[PDB]
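S.K.: Provide a 3D model corresponding to the input given below.
(5 chains, ligands or ions: 1)
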Amino acid sequence: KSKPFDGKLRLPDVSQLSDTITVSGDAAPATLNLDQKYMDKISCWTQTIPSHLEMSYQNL
Amino acid sequence: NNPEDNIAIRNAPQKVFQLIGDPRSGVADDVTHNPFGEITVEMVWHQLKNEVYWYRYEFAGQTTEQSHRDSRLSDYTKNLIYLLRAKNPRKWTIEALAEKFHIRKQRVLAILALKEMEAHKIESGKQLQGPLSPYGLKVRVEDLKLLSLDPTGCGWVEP
Amino acid sequence: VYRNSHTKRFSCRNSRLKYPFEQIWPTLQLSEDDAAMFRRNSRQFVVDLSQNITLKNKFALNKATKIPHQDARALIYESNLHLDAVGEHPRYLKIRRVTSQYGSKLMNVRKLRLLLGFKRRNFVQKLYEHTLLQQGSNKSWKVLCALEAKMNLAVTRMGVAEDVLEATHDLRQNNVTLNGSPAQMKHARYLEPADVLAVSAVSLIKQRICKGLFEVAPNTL
Amino acid sequence: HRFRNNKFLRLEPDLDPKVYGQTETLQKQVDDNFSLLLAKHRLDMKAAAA
Amino acid sequence: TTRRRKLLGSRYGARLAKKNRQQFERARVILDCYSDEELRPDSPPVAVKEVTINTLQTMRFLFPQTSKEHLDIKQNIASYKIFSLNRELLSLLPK
Ligand SMILES: [K+]
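M.R.: Numbers count the residues shown, from 1 in each chain, chains lettered A, B, ... in the order given. See below for the structure:
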């Protein structure tokens, strides 16, 4: 006994949230979050991607 | 638009007007220091197992903050840009999308190109196959509504 | 030149450090003895404080987070009698002379060759000459931009190669394409702000990444 | 509830990705859900028919 | 002694136009090919109706909370997906 689905996709505008919170609701890190688990392997470059490059790992 | 929760407002151009002297008899511009910044370097990481140090150079380090966020936008945000552009190209121009998500125009166009290529792969049947098939979603542009956080606190309303 | 100076273990030499060598390869596996040798450049003992401090701690004592890039040299290689050398008599403090510049200048040029992938000196000299004619006001930043525009360094940033040396081998095998086709003058050209790089050896690169992170992958899906 | 640790009342453990593969594990999970639904229809028909 | 076939490349748009013309036309409108006078094609623009996205991260990586906000987003995506499947099924069910 509830309203049936209208058939439209409703997505919130996450662009209006504060800068102190990430998309997932957790606290926003003010600095790069590096881990020793990944900085000793090929991932060291992934964690330090520069701001002038746009990389996609689905299409490489 | 408050500095507490708007990093973009914090990283804004500054209007500098500094003087030395007496405004009633004679004044001169203060040119004894550089308030526009300079190139900086910083140590970011130290690996204790290999003894490797990482240093980061920034062109405008003294007049910017948290510049690492621009290139680390979530996948949800990128899909939202792709859907908004397809829904209404007349209103969602490159300028509007760049202002909305606090990024540069070059980044906006680059994101669209990569998402477009990925969509073709999904439609062609090269990605999201087998057990992961349900995660390939086809969306009609008409059946899309964007909610807003108008009410203070938790809750998204349609208008 | 089948020398030890052309191997990762002894590639970089710095005469101003307690241990003359320096580690710059983030994926090199060192033995216990080798790690101990390098660690001597990280820890120092203070007499008055009677404690060991690290290089990172030294920066904090100097209140250095973002400093002019020319000022970091005075922090890494020098010492102060009020922060890190308290208790030492001034008679035994080390002060450099103007005759040590040549060793330092030669060392830095060797670093640029190492970062580019063991390039020849004439290669670096022409790169410097190239930047002199390009538009821009800050000479130091123009040199940095030239390094980033190199194709092999850009491939490394993508995260598909362990280091620059492995990236260079990929280019020789044509495992990466530029604007849809293999690059021409790939070792001598510069990339532009609208270039597109893609992997043509998809099966090879995917295997490379999976193997590297196999041990750090969780056992629960 | 006696099955405190076995919260989901599973009969077999989930496949280890490091041994059988990520894709194989994902397919196994899908098959498990379908089997539960199919078993439910199977018990009902037998009871109704016999 | 290599068995690898020689690779002669081509631009991504060049290959797409020969494999699927409909996708090529859609990409031109999305990528803002009709704003510049110099690069404006002669053919009129085509309206965009349907797009495809990947939601694996938004469903299993990005929204862990138990609040109504995160639950609603997942439910809406799941509901929309079922509608798409049902529309396809209805096209085949009739004898
Ligand atoms: K040389």
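S.K.: which residues in chain E form helices?
M.R.: E:12-19, E:21-30, E:56-60, E:68-90 (DSSP state H).
S.K.: apart from its neighbours in sequence, what residue is nearest the spatially most central residue of chain E?
M.R.: Centroid-nearest residue in chain E, with CA atoms, centre = their mean: residue E:52, separated by 3.2 Å. Sequence neighbours aside, residue B:119 is the residue nearest to residue E:52 in space, at 4.4 Å (criterion: CB to CB, 6 or more residues apart in numbering or on different chains). (C-beta placed from N, C-alpha, C; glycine too.)
S.K.: ok, residue C:182 next?
M.R.: Residue C:182 sits nearest to residue C:174 (CB to CB, 6+ apart), 4.8 Å away.
S.K.: what's the neighbour count on the spatially closest residue to residue B:157 that is not a sequence neighbour?
M.R.: In space, and not counting its chain neighbours, residue B:157 is closest to residue B:150: 5.3 Å by CB to CB, 6+ apart. For residue B:150, the tally of surrounding residues (other CB atoms under 10 Å in any protein chain shown) stands at 11.
S.K.: repeat that for residue B:46.
M.R.: So residue B:46, with other CB under 10 Å, has 17 neighbours.
S.K.: just residue A:12 next, same as before
M.R.: 21.
S.K.: gap between residue B:37 and residue A:32?
M.R.: Using CB to CB, to the nearest Å, we find residue B:37 at a distance of 21 Å from residue A:32.
S.K.: helix, strand or coil for the residue minimising distance to the centre of chain A?
M.R.: Nearest residue to the geometric centre of chain A (CA atoms, centre = their mean): residue A:23, 6.7 Å. Here residue A:23 is recorded as coil under DSSP: H, G, I helix; E, B strand; the rest coil.
S.K.: now the spatially most central residue of chain C. Nearest residue, chain neighbours left out?
M.R.: Central residue of chain C (CA atoms, centre = their mean): residue C:24, 5.3 Å from the mean position. Distance criterion CB to CB, 6+ apart; nearest residue to residue C:24, sequence neighbours excluded, is residue C:12 at 5.3 Å.
S.K.: what's the distance between that neighbour and chain E?
M.R.: 35 Å (CB to the nearest CB, to the nearest Å).
S.K.: what sits against that residue?
M.R.: Contacts for residue C:12 were tallied using CB atoms under 8 Å, 6 or more residues apart in numbering or on different chains; they are C:21-24, C:110-111, C:114.
S.K.: same check on residue E:58?
M.R.: Applying CB under 8 Å, 6+ apart, the residues near residue E:58 are B:75-76, B:79, E:73, E:77.
S.K.: then residue B:122?
M.R.: With CB under 8 Å, 6+ apart, residue B:122 has these contacts: B:128, B:136, E:52, E:54.
S.K.: which element is it on?
M.R.: Here residue B:122, judged by DSSP states H and E, is contained in helix B:105-124.
S.K.: residue B:21 is in contact with residue B:30, isn't it?
M.R.: No: between residue B:21 and residue B:30 there is no contact under CB atoms under 8 Å: 9.4 Å.
S.K.: residue B:27 bridge partners, please.
M.R.: Residue B:27 has these beta-bridge partners by DSSP bridges: residue B:21.
S.K.: residues near it, how many?
M.R.: With neighbours defined by other CB under 10 Å, the count for residue B:27 comes to 11.
S.K.: if I read this right, it contacts residue B:18, doesn't it?
M.R.: No: look at residue B:27 against residue B:18 with CB under 8 Å: they stay out of range, at 10.3 Å.
S.K.: pretty sure residue B:59 sits against residue B:39.
M.R.: Yes: Residue B:59 lies in contact with residue B:39 (CB under 8 Å); the separation is 5.9 Å.
S.K.: now the common contact residues for the two.
M.R.: Common contacts of residue B:59 and residue B:39, defined by CB under 8 Å, 6+ apart, comprise residue C:141.
S.K.: quick one: the helices in chain D?
M.R.: Using DSSP H, helices in chain D cover D:17-20, D:22-49.
S.K.: got JSON lines for these, with distance to residue C:210 and mean neighbour count too?
M.R.: JSON lines is the format used below for the helices of chain D (distance: least, CB to CB, whole Å; neighbours: other CB atoms under 10 Å in any protein chain shown):
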{"stretch": "helix D:17-20", "distance to residue C:210": "12", "mean neighbour count": "13"}
{"stretch": "helix D:22-49", "distance to residue C:210": "10", "mean neighbour count": "11"}
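S.K.: of all those helices, which one is nearest chain A?
M.R.: helix D:22-49 (15.8 Å; CB to the nearest CB).
S.K.: and residue 37, which helix or strand is it part of?
M.R.: You didn't pick a chain, so chain A it is. helix A:36-39.
S.K.: if you could check chain C rather than the one you did, that'd help
M.R.: Using DSSP H and E, residue C:37 sits within helix C:32-39.
S.K.: and that helix with chain B, contact?
M.R.: Yes: judged by CB under 8 Å from any CB of the partner chain, helix C:32-39 comes into contact with chain B at C:35, C:38-39.
S.K.: any idea which of those residues is closest to chain E?
M.R.: Ranked by distance to chain E (CB to the nearest CB), the residues of helix C:32-39 next to chain B are led by residue C:35 at 36.0 Å.
S.K.: report how many residues lie close to residue C:67.
M.R.: Applying other CB under 10 Å, we find 20 residues neighbouring residue C:67.
S.K.: who does it bridge with?
M.R.: Note on residue C:67: beta-bridge partners by DSSP bridges are residue B:41.
S.K.: residue contacts, residue 15?
M.R.: I went with chain A, as the question did not name one. By CB under 8 Å, 6+ apart, the contact set of residue A:15 is B:77, B:80, B:100-101.
S.K.: can I get those in JSON lines including secondary structure?
M.R.: Compiled in JSON lines, the contacts of residue A:15 are given as follows (three-state DSSP):
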{"residue": "B:77", "secondary structure": "helix"}
{"residue": "B:80", "secondary structure": "helix"}
{"residue": "B:100", "secondary structure": "helix"}
{"residue": "B:101", "secondary structure": "helix"}
